[PDB]
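Visitor: Chains as they are written, first to last, in full-length UniProt numbering: chain A, 4 to 167; chain B, 2 to 19, 21 to 52; chain C, 2 to 103, 111 to 203; chain D, 2 to 123, 129 to 171, 202 to 308; chain E, 2 to 159.
Before anything else, here's the structure in question.
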RNA sequence: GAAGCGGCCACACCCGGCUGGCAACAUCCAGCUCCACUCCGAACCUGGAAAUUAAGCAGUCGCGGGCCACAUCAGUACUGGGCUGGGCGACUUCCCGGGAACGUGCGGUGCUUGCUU
RNA sequence: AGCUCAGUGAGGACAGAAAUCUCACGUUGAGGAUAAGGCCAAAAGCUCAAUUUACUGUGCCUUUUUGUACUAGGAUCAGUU
RNA sequence: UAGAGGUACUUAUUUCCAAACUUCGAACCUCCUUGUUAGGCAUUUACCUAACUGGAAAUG
């Protein structure tokens, strides 16, 4: 029961590309979908090539927990027919995937806002990852509770009935 | 023009002709020390003689 | 050009390396320190033959490259790039200086610009080696006789007891190999400490 | 494959944090300014009310610092509160206040100053009160926290704790949250308040029980005067001894036996 | 280019040993001092408020003032000809109780232990005192391991 | 034996195995008020108690990394005095004193201050 | 009061050596106006919030007494925020 | 300096170094103590302590 893998969170971010009212529009893309008012990312560097200042709003991003994060993956992976690459998975057993052609997830009426593509990313963990997060009696989790890459792929086939 | 800048050859000789130990008069130094301590140390002495 | 090396033989200052502070330094005459069959073994070339210096003084970089070229060209002539392995065990890090002079302002602001690299030797420092087979031990001694006239002072040529460049005697080497304590790296001997 | 962080060169260089920084229980920047006293006061004690809240238990102490180590003068603990009235909810907000009254009134009856300092204090020709500081710890100091519940118990008990500041107090806010599950959801009332139903105290009773808890604490504060303490400490080892003993240390003889039997598989015996 | 700064030529004085960086333990602040007490000044390199000078590192003195965080220490610097007194103020985190007298105070109490207990039986007292390390009484020695040391023939070993 | 509070602050740290939960610590369950997320009850905060020792924690194991200790290393390196000692010099015998380091070998891997069931 | 940096490792629509997001290791190598050297990790760093102690008045101490000062710094007392 | 093992880097090694490198660390130096030390008693205080038949300090 407490060796169950679950979805800890599903962190979206949207970088439109280029500065201005594309970013505040991309907040409304998050807000209606996620039901959560979006955090606005600031840059760390001037890069003249991509059209970026040091202190300006690049992206929007938001962090989804509970049943809501599990719900969106069911609709999101149905774009790809429950299929992603095997090399999506990181060494901690966390994976992500692209949805260009926004509105797929995603149903909506575009008018003032444009369509904007999506960087989804999932975080698979056990129960007791409290202990790294907390203040009082903070410590490291065990080798056993740490999610391997190959166990995470077995979860993905078991959960969604998916294929690699 | 260019003569010597310094020397310490026979500093030691002169010092030892006489390193006299300058002795302190008393250990308390009432210019320093806490005023709040010394304030009370007056009222200890003043009350006693009466 | 150069000074005579009797100028810069004995050591009358602290050591003065190439760094942030020295700055305007020319690179040394040496590039290669090591020639012959470099990729060999302890077991393949057991016999070794050293050149030991019997003085406390500076050795120039120009001497060490003169000694390499005279060593190689004798060992190339006799046996012909197969057996031998030459190595040089000084690296010149000390930088020399000059007051220049070449009207003039002599002895005022006397500190001078670096002229060349040098190596500071110590009494019984080995400044060269030749590792080889028992066939060409004869040729190794005749090489290091010629290389000794390159160097300042006087300097003894010695056949070592110990194997290769390893610190192990021929008697000790069989006991450790047999014990299995020692192991072989690509080159030289790597001990096994059982930890 | 990139640089291995954690060489020998790392671990040889590595300074450790103290111990209770590693175990992550004390802030030592708090503690060094909690303890300190002016050198013109010399060897003088100042007391500090520790009030750390675990799950289930609300612990509360009064502590003096010394060079050997800290010394509790008096202690009180929310598993005592069944005796005075409060059977369940021993880390409630009103349970935290009730321990605050115990720590006050036990401490004052040990010092024999019970007739003085009855109520809160709020100034000359009068005996000065006990300075007792709050040690919070690593718990965060927000308003309506259970650390300052223990404080308000200690102030209303007797002790001058300095601060700048009766709902939540006689079981309110617990009692309202009972009604929201009882009225609407019903299923959730069985999850949330299982034990309460079992007694069953009910939503209404929470207000009543606490007032008579505060009566009984003020009347008969001190309890459980056991002696001698050595034979008490011996009984607790037997009483709470694991049924299964912990693995015990292999001696140096039998370690070298087991080392060699492993080395027989891979060769090159025996030694160490 | 000789400089007369406050913190000058103290690269290695105010360094913090090795694996003893950070703030000190809060047991240090709990310690107490009095007037007349012998104390040695050695510095915490971390704590910058209320240091001594570089010169009074490793320097014994006597306490004369005591103040909320800090102790007035009387210390005898050697000037040029003569040994001047110097009234320092310095914080308690650079100051420790010195064990200069603890040899002397051990003996006085050990003497009173002897001087009383001689009278308690009484009987009659032998007088103990300190004495430098003295040349030995005669005595007899049987060993039963006797090696024979000799110089070996020299061999180079390179 | 467990817990709050600590003292010296790695014999206590770091990687990886194994054996334990009567109470206790904890994971955990839930989100209404106190208040909390420059988004999120993840954290912080508050109210729980269904089931677990999988993790933390506790004890223990590894020809483990590191740390600590003793013995060798070594009367070596260096060094304070002395010579109308040697040596073109550079440096260095000897006489009266002091005396390392790295390395290797074997051992160890927290000892208990005051209160509580 | 809360948080941890530099960097390395793997990931992630357009995305590239460099944009924003995520987890893991991370003794401090980053950063702290600037020279160089110390010092610092639930901070002295970074972020957020409220603020004016960068305040008033006299002695004292250190650098430095084989030469007393000014500069700079330090421990207090008496106030007040 | 120069090979071997991994996926130009990197894990262990190796030849040989630093006045403005230090994880160890001498010799030679330097500073403090070595006669009065333990108490007990009760006056003084506007100071300190929650409190005084306490602390701190000086008077006997």
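Just so it is clear, CB atoms sit at the ideal spot from N, CA and C, and this is done for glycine as well.
Residues of chain B with CB closer than 8 Å to the CB of residue 85 (chain E), please, in chain order.
Guide: 24
Visitor: So with CB distances below 8 Å, who are the chain A contacts of residue 144 (chain D)?
Guide: 138, 139
Visitor: Name, please, each residue of chain E whose Cβ falls closer than 8 Å to the Cβ of residue 168 (chain C).
Guide: 159
Visitor: Assuming contact is defined by CB atoms lying nearer than 8 Å, are residue 53 (chain C) and residue 203 (chain C) in contact in what I supplied?
Guide: Taking C-beta atoms as the reference points, residue 53 (chain C) and residue 203 (chain C) fail to come closer than 8 Å.
Visitor: I want to verify the contact list: residues of chain D whose CB lies under 8 Å from the CB of residue 93 (chain A), in sequence order.
Guide: In chain order: nothing, as chain D lies at least about 16 Å away.
Visitor: In the segment 66 to 123 of chain E, which residue ranges form an unbroken alpha helix (DSSP H) of at least 4 residues, counting only runs that do not cross its ends?
Guide: 103 to 122
Visitor: How many Å lie between residue 129 (chain E) and residue 139 (chain E) at the Cα?
Guide: In this structure, the straight-line span from the alpha carbon of residue 129 (chain E) to that of residue 139 (chain E) is close to 23 Å.
Visitor: So residue 69 (chain C) is in the alpha helix (DSSP H); what residue range does that whole segment cover?
Guide: 62 to 79
Visitor: Comparing the C-beta of residue 142 (chain A) with each C-beta of chain D, is any distance below 8 Å?
Guide: yes
Visitor: When Cβ atoms are compared, which residues of the segment 5 to 39 of chain E fall closer than 9 Å to chain D?
Guide: Within the segment 5 to 39 of chain E, those residues whose Cβ lies closer than 9 Å to any Cβ of chain D are, in chain order, 19, 20, 21, 22, 23, 24, 25, 26, 27, 28, 29, 30, 31, 32, 33, 34, 35.
Visitor: Listed in chain order, which residues of the segment 41 to 61 of chain C have Cβ atoms closer than 9 Å to some Cβ of chain E?
Guide: Result list: 51, 53.
Visitor: Apart from the five residues on each side of it in sequence, which residues of its chain come closer than 7 Å, Cβ to Cβ, to residue 110 (chain C)?
Guide: For residue 110 (chain C), nothing is modelled; it lies in the interval where chain C passes from 103 to 111 with no residues in between.
Visitor: Have a look at E:31, E:55, E:120, E:61 and flag the residue whose alpha-carbon is nearest the alpha-carbon of residue 210 (chain E).
Guide: Residue 210 (chain E) cannot be examined here, being either before or after the span of chain E that is shown, 2 to 159.
Visitor: Taking the straight line between their C-alpha atoms, what separation do you get for residue 275 (chain D) and residue 284 (chain D)?
Guide: 20 Å
Visitor: Would residue 93 (chain E) pass as a contact of residue 33 (chain D) if the rule is Cβ separation under 8 Å?
Guide: no
Visitor: Determine, using beta carbons only, whether residue 16 (chain B) comes closer than 8 Å to chain E.
Guide: yes
Visitor: How long is the line joining the alpha carbons of residue 110 (chain E) and residue 118 (chain E), rounded to whole angstroms?
Guide: 12 Å
Visitor: DSSP three-state label for residue 52 (chain E), please.
Guide: When DSSP states are grouped into helix, strand and coil, residue 52 (chain E) belongs to the coil group.
Visitor: According to DSSP, what are the bridge partners of residue 121 (chain A)?
Guide: DSSP lists A:102 as partners of residue 121 (chain A).
Visitor: So, is residue 61 (chain C) buried or exposed, given that buried needs 16 or more other C-beta atoms within 10 angstroms?
Guide: buried
Visitor: Rounded to whole angstroms, what is the Cα-Cα separation between residue 161 (chain A) and residue 21 (chain A)?
Guide: 40 Å
Visitor: Rank E:5, E:49, E:63, E:71 by C-alpha distance to the C-alpha of residue 24 (chain E) and give the top, closest one.
Guide: E:49
Visitor: Taking only beta-carbon atoms, is residue 56 (chain E) less than 8 Å away from chain D?
Guide: no
Visitor: With 16 other CB atoms within 10 Å as the buried threshold, where does residue 157 (chain D) fall?
Guide: buried
Visitor: Looking only at its own chain, which residues have a Cβ that is under 8 Å from the Cβ of residue 40 (chain C), when we skip the five neighbours before and after it?
Guide: 194, 195
Visitor: Residue 10 (chain A) and residue 82 (chain A) - do their beta-carbons sit closer together than 8 Å?
Guide: No, these two residues do not count as a Cβ contact at 8 Å.
Visitor: Under a Cβ-count criterion, where at least 16 other Cβ atoms within 10 Å of its own Cβ denotes burial, should residue 76 (chain E) be classed as buried or exposed?
Guide: buried
Visitor: From the DSSP output, read off the bridge partner residues of residue 167 (chain C).
Guide: C:50
Visitor: Would you tell me roughly how many angstroms separate the C-alpha atoms of residue 7 (chain E) and residue 96 (chain A), rounded to the nearest one?
Guide: 57 Å
Visitor: Under 8 Å by Cβ, that's how I've got residue 72 (chain A) and residue 44 (chain A) pegged, so tell me the actual separation to the nearest angstrom.
Guide: Contact flag wrong, Cβ pair sits at about 20 Å.
Visitor: Kindly indicate the opening and closing residues of the alpha helix (DSSP H) around residue 341 (chain D).
Guide: Residue 341 (chain D) lies beyond the range of chain D shown here (2 to 308); nothing can be said about it.
Visitor: Would you say residue 101 (chain E) faces chain B, with C-beta separation under 8 Å as the test?
Guide: no
Visitor: Are the beta-carbon atoms belonging to residue 129 (chain A) and residue 135 (chain A) less than 8 Å from one another?
Guide: no
Visitor: Please name the residue or residues paired with residue 157 (chain C) in a DSSP beta bridge.
Guide: Bridge partners of residue 157 (chain C): none, in fact.
Visitor: State the start and end residues of the unbroken alpha helix (DSSP H) segment that holds residue 242 (chain D).
Guide: DSSP places residue 242 (chain D) inside the alpha helix (DSSP H), whose first and last residues are 241 to 255.
Visitor: Could you tell me which of E:91, E:90, E:78, E:103 sits nearest to residue 26 (chain B), measuring between CA atoms?
Guide: E:78
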